[PDB]
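Let me begin by presenting the structure, written as structure tokens, before commenting on it.
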Amino acid sequence: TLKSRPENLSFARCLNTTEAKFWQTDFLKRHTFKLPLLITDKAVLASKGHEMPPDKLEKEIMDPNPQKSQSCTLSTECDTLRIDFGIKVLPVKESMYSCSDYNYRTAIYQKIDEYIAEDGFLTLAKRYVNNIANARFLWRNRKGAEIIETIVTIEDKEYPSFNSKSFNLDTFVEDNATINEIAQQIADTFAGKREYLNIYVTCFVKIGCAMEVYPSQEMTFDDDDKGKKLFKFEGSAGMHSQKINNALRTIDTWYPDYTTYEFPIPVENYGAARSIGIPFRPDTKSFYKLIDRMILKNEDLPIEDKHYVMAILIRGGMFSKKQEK
Amino acid sequence: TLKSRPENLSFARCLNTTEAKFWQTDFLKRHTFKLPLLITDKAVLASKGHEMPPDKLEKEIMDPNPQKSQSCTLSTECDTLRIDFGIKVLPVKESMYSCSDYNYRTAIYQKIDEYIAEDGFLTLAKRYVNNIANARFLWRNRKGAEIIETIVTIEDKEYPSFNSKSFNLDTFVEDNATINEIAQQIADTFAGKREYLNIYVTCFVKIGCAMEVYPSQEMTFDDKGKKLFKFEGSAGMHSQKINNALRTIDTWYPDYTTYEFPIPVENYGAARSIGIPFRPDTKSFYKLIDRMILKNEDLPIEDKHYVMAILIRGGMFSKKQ
Amino acid sequence: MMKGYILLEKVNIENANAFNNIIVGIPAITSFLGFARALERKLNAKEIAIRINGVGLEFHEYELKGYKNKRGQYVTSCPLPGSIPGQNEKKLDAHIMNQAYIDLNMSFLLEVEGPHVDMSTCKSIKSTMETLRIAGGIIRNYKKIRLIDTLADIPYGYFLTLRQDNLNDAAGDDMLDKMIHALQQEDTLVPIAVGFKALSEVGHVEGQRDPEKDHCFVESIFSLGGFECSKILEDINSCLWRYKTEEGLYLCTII
Amino acid sequence: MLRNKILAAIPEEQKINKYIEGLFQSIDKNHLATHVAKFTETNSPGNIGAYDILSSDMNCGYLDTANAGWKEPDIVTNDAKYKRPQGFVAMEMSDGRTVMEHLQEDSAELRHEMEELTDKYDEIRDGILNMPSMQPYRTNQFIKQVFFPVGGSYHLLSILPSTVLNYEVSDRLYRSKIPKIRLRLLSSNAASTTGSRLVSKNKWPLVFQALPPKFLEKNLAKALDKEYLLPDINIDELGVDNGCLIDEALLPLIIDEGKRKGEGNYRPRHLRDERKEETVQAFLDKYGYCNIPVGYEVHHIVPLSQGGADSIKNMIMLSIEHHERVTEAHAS
DNA sequence: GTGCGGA
DNA sequence: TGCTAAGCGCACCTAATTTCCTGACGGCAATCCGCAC
């Protein structure tokens with residue numbers, strides 16, 4: 001009989017993503033031609049329009065406010081944006097880097113094998129390939145585009161392309177042949193029948209000629225300068241890997257109140273999405289209580305809770321007992 | 001049931017404007033001929049004519065003053081300035097970047113739907129197309145011009161031209177057919193019946209041969225001279241300066257009958273030109289948005305025009321606790 | 001029963017750890033030697049007997065995550081923190097600790113000793129390197145895995161070597177003053193971390209990662225290093241890092 | 001004085017009782033240390049650390065905490081609540097000296113000042129002069145644990161950071177010209193959570209910079225040299241029968257495409273993609289022939305020497321008489 | 001679910 | 001498809017002085033704390 005989670009248990013990511021690099025193109029010559037995209041320096045003159053106490057308002061309502069910033073825009077002769085990144089898929093059971101107790105290892109390996117037996121990592125993989133098909137990794141670069149085109153290459157086989165403006169960001173499709181064929185290979189990589197899979201993703205966004213591209217913004221703490229700082233990857237603009245992965249993990253539609261709020265949330269340990277300030281899974285349908293009901297008090301759970309637990313184990317983290325002194 | 005504004009509220013722009021690039025042409029051959037315009041480096045010798053205390057003035061009144069500068073002029077064979085920029089129009093209900101409470105989102109969406117139910121974003125859009133029609137984005141390049149012509153292109157249709165020296169800068173026209181035709185599409189883009197709209201604007205300014213052109217100047221922060229804006233090697237203008245000249249549409253401030261001129265749309269109504277704040281206590285954005293959403297009161301239509309104009313401009317509107 | 005050299009050529013590592021409590025820069029040498037040991041341990045579970053006994057570290061390009069100010073100094077950047085286990089795990093904003101990350105392109109020279117060292121070993125290393133990390137960073141791509149014989153089959157780059165003589169023969173009154181003076185005299189040297197030193201005795205405590213091994217509390221030790229090109233080098237053996245263990249000291253040295 | 005001070009740090013008499021009463025209930029919860037654990041993650045349960053008072057070597061090859069010249073020890077608690085002693089032994093007195101130096105000699109300068117403000121200076125001084133040492137007793141998930149090979153087996157090692165060494169690198173680098181980096185990530189409230197005096201005083205430390213030399217730093221120039229160009233014409237539907245240029249007037253098109261793309265991009269050899277035979281094999285497949293139709297040659301429409309991809313797209317098969325034309329024009 | 005305690 | 005083999009490419013001397021290098025206003029709001037009660 002096992003009574004508490006082990007003193008040291010850790011997991012690693014099974015979906016590893018690389019940083020993205022941005023380019024500019026032309027749409028009718030998008031398979032032959034590419035130019036670099038660079039970040040520029042912009043300084044502005046503003047007015048004080050923040051909410052101030054009434055004493056300070058009488059003294060500071062009409063005062064100048066210079067600030068420093070940075071910007072990124074396309075040229076006057078190019079109308080498209082090209083984004084290239086890559087994903088590495090690794091097996092789940094070989095991603096346990098630490099486990100102090102041996103019986104917990106045996107029990108969790110038995111539970112993952114029973115999950116391979118029934119729904120062998122196919123539904124979750126279908127949702128992850130969908131979140132590549134609708135292009136949610138474009139966050140503010142998806143607003144105001146005429147054509148969005150996404151191409152997925154596995155090994156040396158280029159798959160047929162996607163029109164990413166024909167998918168809704170609230171429904172998951174389970175009847176497209178290309179999505180099913182990628183999802184089967186990702187399921188086989190997750191289940192142990194393969195050992196590694198490398199995916200390459202290229203996206204083309206047509207926004208207009210001299211329009212604004214929105215790169216990722218860095219979190220830096222300096223006291224002399226306080227301005228907007230954007231990501232520069234090898235001299236050119238880019239997006240972080242964490243941004244692209246949050247977009248990919250937005251697959252959760254099994255939280256306790258989904259009939260009121262009807263959007264999918266990211267997969268987290270307490271359902272803490274950064275958009276809404278109240279957690280969605282705070283006590284009874286959290287990860288710790290469901291894994292203490294699955295393993296420690298042997299009991300069959302509904303399939304949605306198993307989907308959530310396995311998605312947390314694909315995400316990774318430090319899952320251990322409350323540390324005592 | 002709603003007390004306070006949420007702790008993280010922000011909006012995004014619904015009128016994204018590109019930067020401007022400047023060219024030089026001739027007026028009779030302006031449809032087949034354009035040349036680049038560049039910024040030159042100047043240095044000038046001066047006299048000490050700033051105001052000084054009486055002791056220093058006796059010692060530094062006949063001293064030379066070398067200074068550095070920059071300038072931009074047209075050539076000897078060209079007489080016309082050409083400025084090109086673009087505008088992207090996005091919907092208003094899908095421009096909400098952050099909100100930490102779902103009920104405030106539902107309330108804001110209901111008030112915007114009531115706004116589309118009374119006036120389908122048409123008055124504001126007519127004012128925005130009017131500020132394209134009178135060429136208010138030419139700030140100092142509009143003084144001393146013979147002919148100003150502005151052409152508006154949407155998709156592959158070039159709309160008929162505008163004479164920008166027949167529109168007054170203190171009145172808004174509502175009877176011009178071309179303005180109405182563009183404004184209806186901008187209003188339908190604001191409503192949500194279309195997903196985007198891209199407008200490209202070209203303007204020709206006849207000023208004469210070898211006369212001066214005034215670009216935008218860059219801000220310096222430490223301890224300086226005059227630096228001018230360069231966009232892809234040529235002279236140009238900032239997007240913020242054009243966008244400020246497209247938001248001078250507010251004629252609903254409390255003391256409009258004394259000063260009869262439009263001001264740009266801001267939160268406390270601060271006019272940098274005429275040195276008076278015009279919306280300081282009760283008709284600011286904060287009190288009106290706390291009297292519209294948090295107490296369910298039916299405001300007059302002018303205050304609704306101001307609130308939707310601020311929500312097309314954008315900003316950070318967050319409360320501490 | 002045989003000895004050779006295998007070269008892992010031009011590997012891209014993204015987001016590797018770059019903080020060792022007094023140093024922000026190149027990762028510690030123990031991470032690279034542990035990458036070599038992890039490759040050895042994964043190859044020996046596929047029933048392929050091999051033993052890596054020395055690794056040479058060659059550098060081609062680097063990029064520190066951050067920016068350079070107008071005064072010429074670096075300002076580091078860190079990712080936004082997420083949920084961290086503890087007493088404040090259900091909150092929306094988490095704490096910000098001390099961290100730094102670096103991006104590297106490097107090449108590795110491995111001295112292998114086994115019963116067979118052909119190109120099937122190279123194929124196995126190619127099949128076993130897409131499931132490992134270097135420091136805490138991911139491998140995006142490599143160029144080619146091949147056997148080498150002499151110094152002229154090595155690509156161009158700059159190797160890292162130990163310079164403990166330039167630290168023991170300098171200034172005085174403490175070791176840190178010798179470090180600062182030796183860094184002020186010759187400007188092409190860097191401080192590196194080279195292993196660990198004990199702070200307790202060996203035993204068993206509660207809370208270990210593996211509860212069946214020996215345990216000791218340690219502190220990191222630091223030394224000096226330098227860069228030499230690949231076309232001014234004498235021998236292969238003068239750029240190979242190896243393990244050495246005294247009683248109370250866990251080090252990495254060039255003999 | 002230690003007078004006004006103990007008031008600034010909050011009637012005007014119940015006060016001086018609150019500070020001194022709050023002090024004695026906490027002088028048994030402050031310990032001495034050279035290495036602390038919550039400097040890595042401030043969520044480590046307990047008071048785990050170490051006091052290394054050993055002997056220097058001075059000629060060993062390595063820097064440690066015992067070979068440097070740390071001058072001031074550190075005092076550490078577990079919870080900020082209990083942290084008055086570190087402020088108390090930090091208030092400077094009249095002679096520009098620290099409560100610490102006066103409590104080791106007992107100059108009456110203090111002897112006098114305390115006894116009017118309290119009734120228990122005797123008990124307080126004994127608890128700041130014989131302080132217990134920090135002991136390493138257990139490990140947790142927040143302390144970094146790694147393996148190290150020792151002689152056919154492995155040892156598990158838990159790393160504890162040094163607080164006294166961090167304070168002395170920052171002081172000795174504020175007056176120096178070797179490269180350095182300042183880290184500004186720790187806040188004031190989180191520094192107090194660590195529990196140490198030397199981290200709440202230096203929360204933004206100065207550290208060494210150890211980078212490779214500066215000609216090996218990434219930029220846009222050393223990133224456009226690892227990419228290769230492809231032509232803007234697809235031969236598959238373009239004047240060409242099965243790969244061979246039938247029209248002599250379409251030669252100038254090849255000349256102008258090669259002139260346009262890869263014009264001012266010279267690349268030395270080390271920076272050129274190899275010329276694998278598989279691509280001229282793969283080009284022929286599409287059109288058969290099993291063999292080069294002699295009298296014709298594969299020409300990369302964009303020279304693999306002025307920047308071009310070794311790809312099926314960047315080749316077109318033209319006659320030798322045509323080939324002598326093109327190799328001279330692009331050379332010129 | 002609170003309030004403490006420093007630099 | 002071939003287009004040369006050999007040698008060498010100065011000794012002197014210098015590179016200016018004066019006067020000065022602007023006055024204004026301002027440089028964001030939010031958050032990033034364990035622990036004992």
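By convention in this document, chain letters (A, B, ...) are assigned in the order of the sequence lines, proteins followed by strands, and residues within each chain are numbered from 1.
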Testing F/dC33, E/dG3, F/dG26 for proximity to the side chain of D/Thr193, the answer is F/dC33
If you look at every strand shown and take non-hydrogen atoms under 4.0 Å, does D/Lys38 touch a base, only sugar-phosphate, or nothing? sugar-phosphate
Regarding the side chain of B/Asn65, the nearest nucleotide among F/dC28, F/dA36, F/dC21 is F/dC21
Length of the line joining D/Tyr82:OH and E/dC4:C1', which is rounded to integer Å: 10 Å
How close or far is atom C1' of F/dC28 from atom CZ of B/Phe317, stated in whole angstroms? 13 Å
Go through the side-chain N and O atoms of D/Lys203 and D/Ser188 and say whether any donor and acceptor fall under 3.5 Å apart. yes
Out of F/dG27, F/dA29, F/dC35, which has the shortest distance to the side chain of B/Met316? F/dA29
So what does D/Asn202 hit on the nucleic acid, given a heavy-atom distance under 4.0 Å: a base, only sugar-phosphate, or nothing? nothing
Minimum heavy-atom separation for D/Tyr167 to D/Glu72, with atom names? CE2-OE1, 4.2 Å
Using 4.0 Å as the upper bound for N to carboxylate O, is an ion pair formed by A/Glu51 and B/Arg5? yes
Which nucleotide in the list F/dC33, F/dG27, E/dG3 gets nearest to the side chain of B/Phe221? F/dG27
For D/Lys203, which contact category applies under a 4.0 Å heavy-atom criterion: base, sugar-phosphate, or nothing? nothing
Looking at F/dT14 and its strand neighbour F/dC13, I'd like to know if their base rings stack, meaning the ring centres are under 5.5 Å apart and the planes differ by less than 30°. yes
Return yes if a side-chain donor-acceptor contact under 3.5 Å exists between D/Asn30 and D/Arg197, otherwise no. no
Looking across every strand, which nucleic acid part, if any, lies under 4.0 Å from D/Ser187 by heavy atom: base, sugar-phosphate, or nothing? sugar-phosphate
